[PDB]
Amino acid sequence: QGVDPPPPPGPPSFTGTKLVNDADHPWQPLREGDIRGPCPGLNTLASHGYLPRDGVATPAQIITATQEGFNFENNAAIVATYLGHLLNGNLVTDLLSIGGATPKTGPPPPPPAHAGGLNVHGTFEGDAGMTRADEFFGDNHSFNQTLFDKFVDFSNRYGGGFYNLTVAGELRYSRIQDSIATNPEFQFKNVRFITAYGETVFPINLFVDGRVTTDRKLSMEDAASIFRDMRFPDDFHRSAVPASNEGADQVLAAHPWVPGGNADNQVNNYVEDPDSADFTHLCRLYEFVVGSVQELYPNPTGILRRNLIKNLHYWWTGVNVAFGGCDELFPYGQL
Ligand SMILES: *[C@@H]1O[C@H](CO)[C@@H](O[C@@H]2O[C@H](CO)[C@@H](O[C@@H]3O[C@H](CO[C@H]4O[C@H](CO[C@H]5O[C@H](CO)[C@@H](O)[C@H](O)[C@@H]5O)[C@@H](O)[C@H](O[C@H]5O[C@H](CO)[C@@H](O)[C@H](O)[C@@H]5O)[C@@H]4O)[C@@H](O)[C@H](O[C@H]4O[C@H](CO)[C@@H](O)[C@H](O)[C@@H]4O)[C@@H]3O)[C@H](O)[C@H]2NC(C)=O)[C@H](O)[C@H]1NC(C)=O
Ligand SMILES: *[C@@H]1O[C@H](CO)[C@@H](O[C@@H]2O[C@H](CO)[C@@H](O[C@@H]3O[C@H](CO[C@H]4O[C@H](CO)[C@@H](O)[C@H](O)[C@@H]4O)[C@@H](O)[C@H](O[C@H]4O[C@H](CO)[C@@H](O)[C@H](O)[C@@H]4O)[C@@H]3O)[C@H](O)[C@H]2NC(C)=O)[C@H](O)[C@H]1NC(C)=O
Ligand code: HEM
Ligand SMILES: CCCCCCCCCCCC(=O)O
Ligand SMILES: [Mg+2]
């Protein structure tokens, strides 16, 4: 009949480094029905049992898992999780797939809402990823060895054989160029424009062992373990502090870029979108997403309406802090 969704967890009581690849959280292979998707962080958490091993979880579980497993900062966890949930989760059962569609999220929502999981392309998941191919090429969720080979190449060329912030700057730009040249449906706007810079530093801030204090750099062995195998490095210790997108500004600065996309179903035809969110116009992202939610849920009532209102408020609490203040929207009024 429905769940009453609780407010998000706050930061963990203990925020220092610790062993996260421990005896209680062993890597285990996929079973039938287990879901994995485009996020190596969530994938690894599920394969080590920080999340349900089937890859279906509540927002609350996802937040706590990203904190426990990686020391993902609380507000960043809230912004990412409720974004994912609002667009791609089942608001009634309070369950989100970290990958594709599954009966495990429960009775489907009214169309055009889908609860189809983080795999759904075009509003959250998008193009020019590091180890995943653009949806246009037919698979936006699987690890892609050719792309990981480029990751290794760029690490060799710019990072001494390791992934560091210099490499991030170069790889991000190059991957944008690849999509311009090869993908006629390439989009790099709104949510994707913002998340694409954060994701390039997460390997440095979160996949590098927390006992490394200076010269933070990720080995290709550790990268492959997480990105491909969904496995923590042996004896992996999380970041010694809550962290998220530190250094993403410098990635952009290395190759200034403007939100937009290839126009008119043609390659090498990138047109700027002046209405898109960008890093000095973050609240546009809030407004865009609320708009998208209204398209998914044009006239909700009952538990669905209630759970939408709550989840929108939950998300806003994170957005308000992370974006430095946005006016809360109330598309369905109040409870
Ligand atoms: C990601 O990982 C990558 C890979 O590890 C990493 O890249 C390293 O980046 C650092 C910088 O961040 C590199 O170090 C810098 O190198 C600068 C350039 O070095 C060249 O030029 C030096 C200066 O040249 C002057 O003097 C010569 C005459 O000697 C003259 O011709 C020039 O015109 C100019 O006037 C030169 O000394 C240097 O040569 C020495 O070193 C090389 C080896 O690199 C050696 O072969 C030579 O025999 C000689 O010993 C070289 O040709 C350098 O300028 C810069 O120095 C700054 O810091 C010093 C203090 O240490 C200051 O005194 C100085 O004023 C500068 O401000 C610095 O050392 C490093 O070499 C990279 N490593 C690799 C593997 O490429 C990224 O940093 C990582 N990214 C992140 C964010 O972590
Ligand atoms: C893993 O990920 C990679 C990268 O996303 C995928 O490989 C790409 O596959 C696409 C589709 O097959 C390739 O697209 C085609 O590229 C041509 C240009 O290629 C050259 O130039 C690029 C850089 O500019 C190099 O990376 C590449 O090595 C080549 O030297 C274009 O000419 C093609 O355009 C035609 O098709 C499009 C789409 O219909 C039309 O819009 C055009 O008008 C035109 O008719 C085309 O876009 C792409 O080159 C591949 N890249 C690489 C690096 O291989 C893998 O498929 C993916 N999968 C796995 C499992 O590996
Ligand atoms: C907190 C909730 C999280 C959500 C909802 C989430 C969601 C996503 C999604 C949808 C993508 C694909 C983006 C795209 O294709 O445009 C992605 C990619 C990524 N996520 Fe997560 N993520 C979360 C937490 C984390 C954490 C904690 C980490 C690291 C510890 C992480 C690291 C990454 C990285 C590195 C990528 C990029 C993979 C690539 O480009 O190859 N995420 N995430
Ligand atoms: C100052 C930058 C604020 C960053 C807002 C990012 C919005 C959602 C983040 C999702 C990150 C991820 O892919 O895990
Ligand atoms: Mg993608």
Side-chain angles (χ1 to χ4, degrees), residues 1-9 28 30-39 41-43 45-47 49-66 77-126 135 139-142 191 230 288-319 329-335:
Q1 60 190 37
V3 162
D4 200 6
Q28 292 176 3
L30 297 190
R31 304 158 307 184
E32 187 177 288
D34 290 350
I35 300 297
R36 297 290 183 282
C39 181
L42 296 183
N43 288 347
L45 292 168
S47 284
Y50 280 97
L51 288 172
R53 289 186 182 272
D54 64 2
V56 174
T58 70
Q61 287 169 325
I62 290 168
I63 289 159
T64 62
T66 56
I78 289 169
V79 166
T81 298
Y82 290 102
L83 171 62
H85 188 52
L86 282 165
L87 296 174
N88 299 319
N90 188 316
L91 293 162
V92 170
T93 61
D94 198 42
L95 294 171
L96 169 62
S97 172
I98 66 172
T102 177
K104 288 160 173 293
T105 56
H114 48 78
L118 296 185
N119 280 7
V120 172
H121 174 74
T123 317
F124 192 173
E125 186 290 320
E135 186 269 359
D139 181 351
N140 68 348
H141 53 266
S142 299
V191 174
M230 308 179 280
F288 184 87
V289 169
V290 169
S292 307
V293 169
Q294 292 176 271
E295 288 166 358
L296 291 177
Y297 296 101
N299 187 51
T301 55
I303 300 183
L304 176 58
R305 175 185 169 273
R306 190 195 70 184
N307 287 9
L308 268 164
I309 288 168
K310 286 180 165 170
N311 277 278
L312 280 161
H313 182 65
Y314 298 156
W315 190 49
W316 173 83
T317 66
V319 163
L329 299 168
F330 300 104
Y332 309 112
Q334 283 89 0
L335 297 175

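Note that the numbering runs from 1 along the sequence shown for the chain.
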Point-to-point distance, once rounded to the nearest 0.5 Å, from CE of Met230 to CG of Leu30: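 Spacing of CE (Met230) from CG (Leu30) equals 4.5 Å.
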
Pairs involving residues 103-121, ordered by first then second residue, that meet side-chain hydrogen bond (donor to acceptor under 3.5 Å, both in side chains) (sequence neighbours left out): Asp54-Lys104, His121-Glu125

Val3 side chain reached by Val92 side chain, heavy atoms, under 4.5 Å: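 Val92 does not reach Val3 side chain to side chain.
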
Steps toward side-chain contact (heavy atoms from CB on, under 4.5 Å) verdict (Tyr314, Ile78): CA-CA 8 Å; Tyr314 298 156; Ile78 289 169; 5.6 Å; no

side-chain contact (heavy atoms from CB on, under 4.5 Å) between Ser292 and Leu87, intermediate numbers included: CA-CA 8 Å; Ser292 307; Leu87 296 174; 4.0 Å; yes

Nearest non-hydrogen partners of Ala57 and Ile62, listed with the distance: CB-CG1, 3.8 Å

pair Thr93-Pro107: side-chain heavy atoms closer than 4.5 Å: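 Result yes, sub-4.5 Å side-chain heavy-atom pair found.
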
Full working for side-chain contact (heavy atoms from CB on, under 4.5 Å) between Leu86 and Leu308: CA-CA 8 Å; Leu86 282 165; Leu308 268 164; 4.3 Å; yes

Spacing of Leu335 atom CG and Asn307 atom CG [to the nearest 0.5 Å]: 9.0 Å

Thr66 side chain vs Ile63 backbone, donor-acceptor pair below 3.5 Å: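 Pair found, side chain donor or acceptor close to backbone of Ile63.
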
Parallel, tilted or perpendicular, as decided by the 30° and 60° cut-offs, for the rings of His313 and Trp316: parallel

Shortest non-hydrogen contact between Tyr82 and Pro6, atoms and distance: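 Where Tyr82 meets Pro6 most closely, the heavy atoms are OH-O, 4.2 Å.
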
Spatial distance of atom CZ (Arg53) from atom CZ (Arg36) [nearest 0.5 Å]: 8.0 Å

Non-hydrogen atoms of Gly55 and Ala46 that approach each other most closely: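 Nearest pair, atom of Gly55 first, then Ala46: CA-CB, 4.4 Å.
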
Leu96 side, atom CG; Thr81 side, atom OG1 - distance, nearest 0.5 Å: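 Going from the CG atom of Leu96 to the OG1 atom of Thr81 covers 8.0 Å.
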
Whether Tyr297 side chain and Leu304 backbone form a donor-acceptor pair below 3.5 Å: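 Flag not set: sc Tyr297 to bb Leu304 has no pair under 3.5 Å.
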
Distance (rounded to the nearest 0.5 Å) between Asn43 CG and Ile35 CD1: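 Result: 10.5 Å between the selected atoms.
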
Nearest-0.5 Å distance, CG of residue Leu91 to CD1 of residue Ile309: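 Between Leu91 CG and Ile309 CD1, I get 11.5 Å after rounding to 0.5 Å.
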
Least distance between heavy atoms, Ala65 atom then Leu45 atom: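 The pair with the smallest heavy-atom distance is O-CD2, 3.5 Å.
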
Within 6.0 Å of OH in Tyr332, more than 12 heavy atoms from elsewhere: yes

Pairs satisfying salt bridge (charged side-chain N to carboxylate O under 4.0 Å, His left out), at least one member in residues 288-307, at least two apart: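 Output for this query lists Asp4-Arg306.
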
4.5 Å side-chain heavy-atom contact, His85 and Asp94: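 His85 vs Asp94: side chains touch.
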
Shortest non-hydrogen contact between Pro9 and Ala60, atoms and distance: CG-O, 3.7 Å

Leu312 to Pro331 - nearest heavy-atom pair and separation: CD1-CG, 3.9 Å

